[PDB]
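Structure file my_file.cif; described as mmCIF, C-alpha atoms and all ligand atoms.
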data_upload
#
loop_
_atom_site.label_atom_id
_atom_site.label_comp_id
_atom_site.auth_asym_id
_atom_site.auth_seq_id
_atom_site.Cartn_x
_atom_site.Cartn_y
_atom_site.Cartn_z
CA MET J 1 92.93 114.71 93.82
CA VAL J 2 91.89 113.20 97.21
CA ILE J 3 88.41 114.12 98.46
CA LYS J 4 85.98 112.64 100.93
CA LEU J 5 82.42 113.43 102.00
CA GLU J 6 81.50 114.32 105.55
CA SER J 7 78.12 115.21 107.11
CA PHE J 8 77.17 118.87 106.62
CA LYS J 9 76.64 120.53 110.05
CA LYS J 10 75.87 123.95 111.67
CA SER J 11 79.56 124.89 111.76
CA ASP J 12 79.66 124.60 107.91
CA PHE J 13 76.61 126.88 107.33
CA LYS J 14 78.42 130.21 107.05
CA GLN J 15 80.90 128.99 104.45
CA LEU J 16 78.05 127.70 102.29
CA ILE J 17 76.09 130.97 102.61
CA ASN J 18 79.20 132.99 101.57
CA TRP J 19 79.55 130.74 98.45
CA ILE J 20 75.88 131.45 97.38
CA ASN J 21 76.17 135.13 96.53
CA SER J 22 73.14 135.73 94.14
CA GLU J 23 69.51 134.55 93.70
CA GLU J 24 70.33 133.21 90.20
CA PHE J 25 73.34 131.29 91.55
CA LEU J 26 71.13 129.96 94.42
CA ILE J 27 68.63 128.67 91.83
CA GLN J 28 71.36 127.13 89.60
CA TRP J 29 72.69 125.29 92.68
CA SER J 30 69.44 124.25 94.45
CA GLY J 31 66.39 124.91 92.24
CA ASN J 32 63.21 125.48 94.37
CA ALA J 33 64.71 124.24 97.70
CA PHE J 34 65.47 127.70 99.13
CA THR J 35 64.73 131.44 99.08
CA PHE J 36 67.40 134.13 98.61
CA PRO J 37 69.29 135.03 100.74
CA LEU J 38 70.38 131.60 101.96
CA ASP J 39 70.54 131.62 105.75
CA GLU J 40 71.10 129.31 108.76
CA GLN J 41 67.39 128.73 109.53
CA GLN J 42 66.87 127.39 105.99
CA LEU J 43 69.99 125.23 106.23
CA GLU J 44 68.83 123.80 109.60
CA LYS J 45 65.49 122.85 108.00
CA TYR J 46 67.46 121.27 105.08
CA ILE J 47 69.68 119.01 107.26
CA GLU J 48 66.65 118.01 109.42
CA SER J 49 64.59 117.13 106.28
CA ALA J 50 63.38 113.54 105.96
CA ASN J 51 65.02 111.42 103.20
CA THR J 52 67.81 113.97 102.62
CA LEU J 53 71.60 113.55 103.13
CA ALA J 54 73.64 116.78 103.16
CA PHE J 55 77.44 116.58 102.66
CA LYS J 56 80.38 118.90 102.75
CA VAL J 57 83.28 117.95 100.49
CA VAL J 58 86.65 117.77 102.22
CA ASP J 59 90.12 117.89 100.56
CA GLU J 60 91.93 115.08 102.49
CA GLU J 61 95.35 116.69 101.83
CA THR J 62 94.52 119.90 103.69
CA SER J 63 91.29 119.24 105.65
CA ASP J 64 89.73 122.27 103.86
CA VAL J 65 86.07 122.15 102.89
CA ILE J 66 85.85 122.84 99.16
CA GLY J 67 82.26 122.10 98.19
CA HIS J 68 78.82 120.69 98.91
CA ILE J 69 76.61 117.89 97.60
CA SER J 70 73.36 116.23 98.56
CA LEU J 71 71.49 112.95 98.00
CA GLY J 72 67.81 113.81 98.46
CA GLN J 73 64.30 112.54 97.59
CA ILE J 74 65.38 109.17 99.00
CA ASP J 75 62.44 106.99 98.09
CA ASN J 76 62.49 103.51 99.61
CA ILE J 77 59.36 102.37 97.69
CA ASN J 78 60.64 103.16 94.14
CA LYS J 79 64.32 102.67 95.26
CA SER J 80 65.37 106.04 93.89
CA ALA J 81 67.10 109.23 94.95
CA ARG J 82 68.21 112.55 93.46
CA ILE J 83 71.67 114.09 93.56
CA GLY J 84 71.50 117.84 93.92
CA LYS J 85 72.89 120.97 95.57
CA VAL J 86 76.16 120.29 93.72
CA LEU J 87 78.76 122.96 94.49
CA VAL J 88 82.47 123.13 93.86
CA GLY J 89 83.23 126.04 96.14
CA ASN J 90 86.92 126.21 95.30
CA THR J 91 87.84 126.48 91.55
CA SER J 92 87.56 116.85 88.08
CA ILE J 93 86.53 117.68 91.70
CA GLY J 94 82.88 117.47 90.54
CA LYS J 95 83.46 113.97 89.13
CA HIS J 96 85.02 112.74 92.42
CA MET J 97 82.09 114.25 94.40
CA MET J 98 79.55 112.54 92.11
CA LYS J 99 81.33 109.17 92.40
CA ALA J 100 81.35 109.40 96.20
CA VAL J 101 77.57 110.05 96.35
CA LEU J 102 76.85 107.36 93.71
CA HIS J 103 78.76 104.88 95.93
CA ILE J 104 76.40 105.80 98.79
CA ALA J 105 73.25 105.64 96.62
CA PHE J 106 74.01 102.35 94.83
CA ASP J 107 76.47 100.44 96.99
CA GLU J 108 75.34 101.43 100.50
CA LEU J 109 71.65 102.27 100.08
CA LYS J 110 71.09 99.68 97.31
CA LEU J 111 68.93 102.03 95.24
CA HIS J 112 67.88 101.29 91.62
CA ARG J 113 67.78 104.78 90.08
CA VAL J 114 69.59 108.08 90.77
CA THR J 115 68.38 111.29 89.11
CA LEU J 116 69.93 114.70 88.64
CA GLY J 117 68.79 117.97 87.14
CA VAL J 118 71.05 120.53 85.46
CA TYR J 119 69.97 123.78 83.71
CA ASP J 120 70.68 123.58 79.97
CA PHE J 121 73.16 126.51 79.86
CA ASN J 122 75.54 124.57 82.21
CA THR J 123 76.98 122.60 79.30
CA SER J 124 80.31 121.94 81.08
CA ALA J 125 78.60 120.30 84.08
CA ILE J 126 76.31 118.26 81.77
CA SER J 127 79.35 116.98 79.79
CA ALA J 128 81.10 116.05 83.03
CA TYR J 129 78.03 114.12 84.25
CA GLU J 130 77.69 112.28 80.93
CA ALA J 131 81.40 111.31 81.09
CA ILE J 132 80.83 109.44 84.36
CA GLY J 133 77.69 107.62 83.17
CA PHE J 134 74.68 109.92 83.61
CA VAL J 135 72.30 109.80 80.68
CA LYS J 136 70.08 112.68 79.48
CA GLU J 137 66.41 111.58 79.69
CA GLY J 138 64.68 114.85 78.70
CA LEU J 139 64.66 118.62 78.72
CA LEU J 140 61.92 119.99 81.03
CA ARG J 141 61.05 123.08 79.03
CA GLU J 142 60.70 126.45 80.81
CA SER J 143 60.11 124.62 84.07
CA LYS J 144 61.86 127.04 86.46
CA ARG J 145 60.73 130.66 86.61
CA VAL J 146 63.62 133.13 87.22
CA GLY J 147 62.33 136.70 87.45
CA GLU J 148 60.44 137.31 84.20
CA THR J 149 62.04 134.37 82.29
CA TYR J 150 62.00 130.54 82.42
CA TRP J 151 64.94 128.12 82.47
CA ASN J 152 65.03 124.62 80.90
CA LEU J 153 66.25 121.71 83.02
CA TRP J 154 67.96 118.60 81.69
CA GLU J 155 66.62 115.65 83.66
CA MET J 156 69.45 113.07 83.80
CA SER J 157 69.74 109.61 85.44
CA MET J 158 71.80 106.58 86.16
CA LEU J 159 70.45 103.12 86.79
CA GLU J 160 72.08 100.54 89.08
CA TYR J 161 73.21 98.35 86.16
CA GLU J 162 74.99 101.37 84.62
CA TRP J 163 76.99 101.80 87.90
CA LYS J 164 77.48 98.15 88.93
CA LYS J 165 78.00 96.77 85.36
CA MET W 1 29.42 114.44 72.78
CA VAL W 2 28.76 116.79 75.77
CA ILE W 3 31.09 116.47 78.71
CA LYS W 4 31.61 118.65 81.76
CA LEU W 5 33.89 118.58 84.81
CA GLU W 6 32.38 118.76 88.26
CA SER W 7 34.09 118.88 91.65
CA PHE W 8 34.85 115.40 92.95
CA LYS W 9 32.95 114.99 96.27
CA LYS W 10 32.29 112.41 99.08
CA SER W 11 29.24 111.02 97.24
CA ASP W 12 31.56 110.09 94.28
CA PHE W 13 34.11 108.23 96.46
CA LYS W 14 32.59 104.75 96.35
CA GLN W 15 32.24 104.67 92.57
CA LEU W 16 35.92 105.63 92.18
CA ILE W 17 37.07 103.02 94.72
CA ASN W 18 35.10 100.29 92.92
CA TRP W 19 36.72 101.33 89.57
CA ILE W 20 40.28 101.06 91.04
CA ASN W 21 40.25 97.27 91.52
CA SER W 22 43.92 96.42 91.69
CA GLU W 23 47.22 97.86 92.93
CA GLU W 24 48.62 97.88 89.33
CA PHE W 25 45.57 99.78 88.04
CA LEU W 26 45.88 102.19 91.05
CA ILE W 27 49.49 102.87 90.04
CA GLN W 28 48.67 103.30 86.30
CA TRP W 29 45.99 105.82 87.30
CA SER W 30 47.71 107.73 90.15
CA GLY W 31 51.39 106.78 90.44
CA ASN W 32 52.64 107.23 94.08
CA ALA W 33 49.67 109.35 95.33
CA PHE W 34 47.88 106.51 97.13
CA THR W 35 48.18 103.09 98.81
CA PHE W 36 46.11 100.06 97.76
CA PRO W 37 43.26 99.62 98.58
CA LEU W 38 41.94 103.10 97.74
CA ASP W 39 39.69 104.31 100.65
CA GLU W 40 37.52 107.24 101.96
CA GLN W 41 40.28 108.64 104.23
CA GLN W 42 42.77 108.86 101.33
CA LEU W 43 40.17 110.46 99.01
CA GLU W 44 39.21 113.01 101.66
CA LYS W 45 42.90 113.98 102.09
CA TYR W 46 43.15 114.22 98.27
CA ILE W 47 40.22 116.65 97.80
CA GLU W 48 41.34 118.75 100.80
CA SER W 49 44.92 118.97 99.45
CA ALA W 50 46.63 122.21 98.95
CA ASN W 51 47.33 123.05 95.28
CA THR W 52 45.15 120.15 93.99
CA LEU W 53 41.83 120.22 92.03
CA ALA W 54 39.89 116.90 91.84
CA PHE W 55 37.23 116.39 89.18
CA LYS W 56 34.70 113.81 88.18
CA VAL W 57 33.86 113.81 84.44
CA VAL W 58 30.16 113.87 83.72
CA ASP W 59 28.17 113.15 80.54
CA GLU W 60 25.80 116.21 80.52
CA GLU W 61 23.12 114.33 78.57
CA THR W 62 22.67 111.56 81.14
CA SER W 63 24.34 112.77 84.36
CA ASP W 64 26.50 109.58 84.32
CA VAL W 65 30.00 109.81 85.79
CA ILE W 66 32.33 108.58 82.96
CA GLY W 67 35.76 109.40 84.38
CA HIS W 68 38.07 111.28 86.71
CA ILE W 69 40.82 113.86 86.25
CA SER W 70 42.94 116.12 88.40
CA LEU W 71 45.07 119.25 88.11
CA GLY W 72 47.67 118.99 90.88
CA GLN W 73 51.13 120.30 91.93
CA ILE W 74 49.77 123.82 91.25
CA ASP W 75 52.92 125.88 91.66
CA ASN W 76 52.35 129.63 91.76
CA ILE W 77 56.11 130.44 91.78
CA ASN W 78 57.08 128.48 88.62
CA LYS W 79 53.56 128.94 87.14
CA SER W 80 53.11 125.24 86.49
CA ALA W 81 50.78 122.36 87.24
CA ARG W 82 50.44 118.65 86.52
CA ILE W 83 47.45 116.85 85.03
CA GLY W 84 47.08 113.40 86.58
CA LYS W 85 44.67 110.79 87.96
CA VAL W 86 43.25 110.44 84.39
CA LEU W 87 40.48 107.84 84.23
CA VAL W 88 38.34 107.40 81.08
CA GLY W 89 35.45 104.91 81.06
CA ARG W 90 34.24 106.78 72.97
CA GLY W 91 37.34 106.74 75.23
CA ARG W 92 39.74 108.59 72.92
CA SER W 93 37.23 111.40 72.27
CA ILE W 94 36.15 111.64 75.97
CA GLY W 95 39.87 111.77 76.99
CA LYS W 96 40.50 114.64 74.61
CA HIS W 97 37.49 116.64 75.95
CA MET W 98 38.63 115.98 79.57
CA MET W 99 42.15 117.22 78.77
CA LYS W 100 40.85 120.35 77.03
CA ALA W 101 38.63 121.17 80.02
CA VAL W 102 41.52 120.93 82.49
CA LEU W 103 43.91 122.82 80.15
CA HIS W 104 41.26 125.64 80.04
CA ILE W 105 41.44 125.79 83.86
CA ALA W 106 45.26 125.69 83.95
CA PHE W 107 45.94 128.20 81.16
CA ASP W 108 42.86 130.40 80.88
CA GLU W 109 41.66 130.57 84.51
CA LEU W 110 44.87 130.02 86.53
CA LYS W 111 47.15 131.76 83.97
CA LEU W 112 49.85 129.13 84.25
CA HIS W 113 52.85 128.80 81.91
CA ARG W 114 53.48 125.04 81.84
CA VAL W 115 51.31 121.95 82.30
CA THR W 116 53.00 118.51 82.71
CA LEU W 117 51.49 115.01 82.40
CA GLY W 118 53.12 111.62 83.02
CA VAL W 119 51.95 108.45 81.22
CA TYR W 120 53.51 104.97 81.54
CA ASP W 121 55.18 103.93 78.24
CA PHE W 122 52.93 100.89 77.63
CA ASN W 123 49.89 103.22 77.27
CA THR W 124 50.75 104.02 73.66
CA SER W 125 47.12 104.85 72.72
CA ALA W 126 46.83 107.48 75.49
CA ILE W 127 50.24 108.98 74.54
CA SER W 128 49.15 109.28 70.86
CA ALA W 129 45.86 110.91 71.94
CA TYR W 130 47.77 113.43 74.10
CA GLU W 131 50.20 114.22 71.26
CA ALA W 132 47.21 114.80 68.91
CA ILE W 133 45.91 117.62 71.19
CA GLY W 134 49.34 119.28 71.53
CA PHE W 135 51.24 117.58 74.36
CA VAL W 136 54.93 117.09 73.59
CA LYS W 137 57.12 114.17 74.87
CA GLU W 138 60.06 115.62 76.88
CA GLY W 139 61.66 112.41 78.13
CA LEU W 140 61.28 108.83 79.30
CA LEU W 141 61.98 108.51 83.06
CA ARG W 142 63.54 105.08 83.01
CA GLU W 143 62.42 102.42 85.54
CA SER W 144 61.18 105.21 87.80
CA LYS W 145 58.17 103.42 89.31
CA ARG W 146 58.62 100.14 91.16
CA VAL W 147 55.75 97.66 90.64
CA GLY W 148 56.29 94.45 92.60
CA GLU W 149 59.61 93.02 91.40
CA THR W 150 59.74 95.12 88.16
CA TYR W 151 60.02 98.86 87.20
CA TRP W 152 57.87 100.90 84.81
CA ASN W 153 59.07 103.77 82.55
CA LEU W 154 57.16 107.06 82.54
CA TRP W 155 56.87 109.43 79.58
CA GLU W 156 57.09 112.95 80.95
CA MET W 157 55.03 115.16 78.59
CA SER W 158 54.17 118.90 78.63
CA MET W 159 52.36 121.79 77.00
CA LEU W 160 53.42 125.39 77.31
CA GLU W 161 50.98 128.35 77.31
CA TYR W 162 51.95 129.41 73.78
CA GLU W 163 51.23 125.89 72.49
CA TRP W 164 47.71 126.10 74.00
CA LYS W 165 46.99 129.46 72.28
CA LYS W 166 48.23 128.12 68.90
ZN ZN J 201 80.72 102.38 101.33
ZN ZN J 202 36.70 129.19 82.52
#

Just give me the structure as structure tokens.
Ligand SMILES: [Zn+2]
Ligand SMILES: [Zn+2]
Amino acid sequence: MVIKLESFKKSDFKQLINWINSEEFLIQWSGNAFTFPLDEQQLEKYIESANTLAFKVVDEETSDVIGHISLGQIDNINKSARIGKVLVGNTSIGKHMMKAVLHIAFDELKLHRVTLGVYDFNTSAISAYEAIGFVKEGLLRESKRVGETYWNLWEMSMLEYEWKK
Amino acid sequence: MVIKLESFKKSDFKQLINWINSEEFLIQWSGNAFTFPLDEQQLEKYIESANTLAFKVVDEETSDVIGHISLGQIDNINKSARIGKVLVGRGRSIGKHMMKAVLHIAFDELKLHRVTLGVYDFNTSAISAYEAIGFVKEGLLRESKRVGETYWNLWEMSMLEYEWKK
């Protein structure tokens, strides 16, 4: 019930790697950002990436880290950014994590548009995002290759007047 | 009507720069790829880019350069690419021939699975021309491009390999 975001650091790398146990789960979580297996050299490159904020999700009651989230593609010209790398490591927590990052994107960074992508079979996550204000814009058909098949990605967004009004 | 694509080269740079006469037209044509004014250094970086093909469109009968088109974001992992930097100087028919030529490269030469194309929502004639040759609207990316004090909406469109061979 009480979560906060903190900066994701080297000491949090191993926990994240242990949560990402398959190539398909890696892709569901992060798309084209990484190769399987996830490892510390890739995570170092991730946190050092320009225009990317990496966060661990902390349960304030226990101090345990229970997930991960990122605000990336921070674009100061178009005033936009993309939420991604959404992970609820321990068994809505997702809603609280999204609200915390939306506060950063809209209220601290003063952005105009925040995007998100979710693969179409993750209907529970899509419903949760729609409940807090994300809107489906379009389904990017067979846009991610996974082995010999292709996944469809729902491109979703929220504009500043949907958050602030 | 006999059109061909040729590699866009240094000798074609000045003509393209003179055609892109305003920041708004630069954005309509190329989105976030460049800064205004368009210049030689930026075009050189463009043609030397990894995973990018730059073409001038030539009328075979006269040798006149009548447009520009690019196949970029060539992604060998997801087997996809994006058509962009579409410039047509007859326009509807030339645009259709230019798209077919680049789709031949993407699907028949490069063996890709998916080709995307973005067009700002006020270019209703171009969107209708793209739909006529098989492109499908996927979604409208709301207020995704800042232009001065306002935002433009982009129609994200696509064609899959089995739509090309239909
Ligand atoms: Zn704050
Ligand atoms: Zn050929």

Within 12 Å of ligand ZN 202 (chain J): each chain W residue with its shortest pair, only C-alpha atoms and all ligand atoms, as JSON lines:
{"residue": "W:4", "atom": "CA", "partner": "J:ZN202", "partner_atom": "ZN", "distance": 11.7}
{"residue": "W:5", "atom": "CA", "partner": "J:ZN202", "partner_atom": "ZN", "distance": 11.2}
{"residue": "W:100", "atom": "CA", "partner": "J:ZN202", "partner_atom": "ZN", "distance": 11.2}
{"residue": "W:101", "atom": "CA", "partner": "J:ZN202", "partner_atom": "ZN", "distance": 8.6}
{"residue": "W:102", "atom": "CA", "partner": "J:ZN202", "partner_atom": "ZN", "distance": 9.6}
{"residue": "W:103", "atom": "CA", "partner": "J:ZN202", "partner_atom": "ZN", "distance": 9.9}
{"residue": "W:104", "atom": "CA", "partner": "J:ZN202", "partner_atom": "ZN", "distance": 6.3}
{"residue": "W:105", "atom": "CA", "partner": "J:ZN202", "partner_atom": "ZN", "distance": 6.0}
{"residue": "W:106", "atom": "CA", "partner": "J:ZN202", "partner_atom": "ZN", "distance": 9.4}
{"residue": "W:107", "atom": "CA", "partner": "J:ZN202", "partner_atom": "ZN", "distance": 9.4}
{"residue": "W:108", "atom": "CA", "partner": "J:ZN202", "partner_atom": "ZN", "distance": 6.5}
{"residue": "W:109", "atom": "CA", "partner": "J:ZN202", "partner_atom": "ZN", "distance": 5.5}
{"residue": "W:110", "atom": "CA", "partner": "J:ZN202", "partner_atom": "ZN", "distance": 9.1}
{"residue": "W:111", "atom": "CA", "partner": "J:ZN202", "partner_atom": "ZN", "distance": 10.9}

Quiz item: Given a cut-off of 8 Å, what residues near ligand ZN 201 (chain J) show up using all atoms listed in the file, put as an MDAnalysis selection string?
Solution: chainID J and resid 103:104 107:108

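Within 9 Å of range 122-135 of chain W, once only C-alpha atoms are used and residues closer than 4 positions along the same chain are dropped, the contacting residues are residues 92, 93, 95, 96, 99, 100, 116, 117, 152, 153, 154, 155, 157, 158, 159, 160, 163 and 164 of chain W.
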
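For the pair CA of residue 29 in chain J and CA of residue 54 in chain J, the interatomic distance is 13.5 Å.
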
Practice problem: Tell me the residues of chain J close to chain W, meaning within 8 Å using all atoms listed in the file, as a list in words. | Solution: residues 77, 78, 79, 80, 113, 137, 138, 139, 140, 141, 142, 143, 144 and 145 of chain J

Quiz item: How far is it from CA of residue 66 in chain W to CA of residue 7 in chain W, in Å with one decimal?
Solution: 13.6 Å

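Residues with any atom within 12 Å of residue 109 in chain J, counting only C-alpha atoms and excluding same-chain neighbours fewer than 2 positions away, are residues 51, 53, 71, 74, 75, 76, 79, 80, 81, 101, 102, 103, 104, 105, 106, 107, 111, 112, 113, 114 and 160 of chain J.
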
Quiz prompt | 8 Å contact set for residue 20 in chain J, only C-alpha atoms, chain neighbours under 5 positions out, as a VMD selection string | solution = chain J and resid 25 to 26 38

Quiz prompt | Which residue of W:64, W:59, W:12, W:24 approaches residue 40 in chain W most closely, using only C-alpha atoms | solution = W:12

Exercise. Please provide as a count of residues only all residues within 12 Å of residue 25 in chain W, with the sequence filter that same-chain residues fewer than 3 positions apart are discarded (counting all atoms listed in the file).
Key: 21

Quiz item: Looking at all atoms listed in the file, which of J:165, J:68, J:45, J:10 is the one that sits closest to residue 90 in chain J?
Solution: J:68

Quiz prompt | Best match for closeness to residue 27 in chain J among J:159, J:87, J:58, J:3, counting all atoms listed in the file | solution = J:87

Could you pull range 107-126 of chain W out of the block above and give me N, CA, C and O atoms, as a short mmCIF file (atom, residue, chain, number, x, y, z; two decimals), in the first residue's frame?
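Full text of decode_17.cif as output:
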data_model
loop_
_atom_site.label_atom_id
_atom_site.label_comp_id
_atom_site.auth_asym_id
_atom_site.auth_seq_id
_atom_site.Cartn_x
_atom_site.Cartn_y
_atom_site.Cartn_z
N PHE W 107 10.64 -5.54 -49.07
CA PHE W 107 10.07 -6.88 -49.00
C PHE W 107 10.78 -7.88 -49.90
O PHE W 107 11.04 -9.01 -49.47
N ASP W 108 11.04 -7.50 -51.13
CA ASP W 108 11.60 -8.46 -52.10
C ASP W 108 13.12 -8.55 -52.08
O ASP W 108 13.61 -9.64 -52.33
N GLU W 109 13.84 -7.47 -51.75
CA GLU W 109 15.30 -7.56 -51.72
C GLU W 109 15.81 -7.81 -50.29
O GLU W 109 16.57 -8.75 -50.05
N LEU W 110 15.28 -7.04 -49.33
CA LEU W 110 15.73 -7.18 -47.94
C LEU W 110 14.99 -8.23 -47.14
O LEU W 110 15.42 -8.54 -46.03
N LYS W 111 13.88 -8.77 -47.67
CA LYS W 111 13.13 -9.86 -47.05
C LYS W 111 12.57 -9.50 -45.69
O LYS W 111 12.50 -10.35 -44.80
N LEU W 112 12.18 -8.26 -45.53
CA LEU W 112 11.63 -7.79 -44.26
C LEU W 112 10.21 -8.29 -44.06
O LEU W 112 9.56 -8.73 -45.01
N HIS W 113 9.70 -8.17 -42.80
CA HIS W 113 8.35 -8.59 -42.46
C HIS W 113 7.37 -7.45 -42.37
O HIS W 113 6.17 -7.64 -42.62
N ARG W 114 7.84 -6.29 -41.93
CA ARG W 114 6.98 -5.14 -41.61
C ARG W 114 7.60 -3.85 -42.09
O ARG W 114 8.77 -3.60 -41.84
N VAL W 115 6.83 -3.01 -42.74
CA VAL W 115 7.30 -1.67 -43.14
C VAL W 115 6.35 -0.63 -42.53
O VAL W 115 5.13 -0.76 -42.69
N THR W 116 6.89 0.36 -41.79
CA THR W 116 6.05 1.39 -41.15
C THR W 116 6.24 2.72 -41.92
O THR W 116 7.11 2.83 -42.79
N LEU W 117 5.36 3.67 -41.69
CA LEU W 117 5.33 4.94 -42.36
C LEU W 117 4.53 5.86 -41.43
O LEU W 117 3.53 5.42 -40.91
N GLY W 118 5.01 7.06 -41.18
CA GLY W 118 4.30 8.02 -40.35
C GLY W 118 3.91 9.21 -41.21
O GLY W 118 4.74 9.72 -41.96
N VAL W 119 2.66 9.67 -41.11
CA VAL W 119 2.24 10.84 -41.88
C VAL W 119 1.40 11.73 -41.00
O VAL W 119 0.52 11.23 -40.29
N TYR W 120 1.71 13.04 -40.94
CA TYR W 120 0.94 13.94 -40.05
C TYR W 120 -0.53 13.99 -40.52
O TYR W 120 -0.81 13.86 -41.71
N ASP W 121 -1.47 14.06 -39.55
CA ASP W 121 -2.89 13.86 -39.79
C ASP W 121 -3.54 14.88 -40.72
O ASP W 121 -4.56 14.57 -41.30
N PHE W 122 -2.93 16.05 -40.91
CA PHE W 122 -3.47 17.04 -41.84
C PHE W 122 -3.16 16.70 -43.31
O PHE W 122 -3.76 17.31 -44.22
N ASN W 123 -2.28 15.71 -43.57
CA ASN W 123 -1.99 15.32 -44.94
C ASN W 123 -2.91 14.21 -45.37
O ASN W 123 -2.48 13.10 -45.69
N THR W 124 -4.22 14.52 -45.36
CA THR W 124 -5.27 13.56 -45.70
C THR W 124 -5.16 12.97 -47.10
O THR W 124 -5.50 11.81 -47.29
N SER W 125 -4.67 13.75 -48.08
CA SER W 125 -4.52 13.24 -49.44
C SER W 125 -3.43 12.17 -49.50
O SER W 125 -3.61 11.15 -50.16
N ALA W 126 -2.31 12.39 -48.80
CA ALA W 126 -1.22 11.42 -48.79
C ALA W 126 -1.67 10.16 -48.08
O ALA W 126 -1.47 9.08 -48.60
#
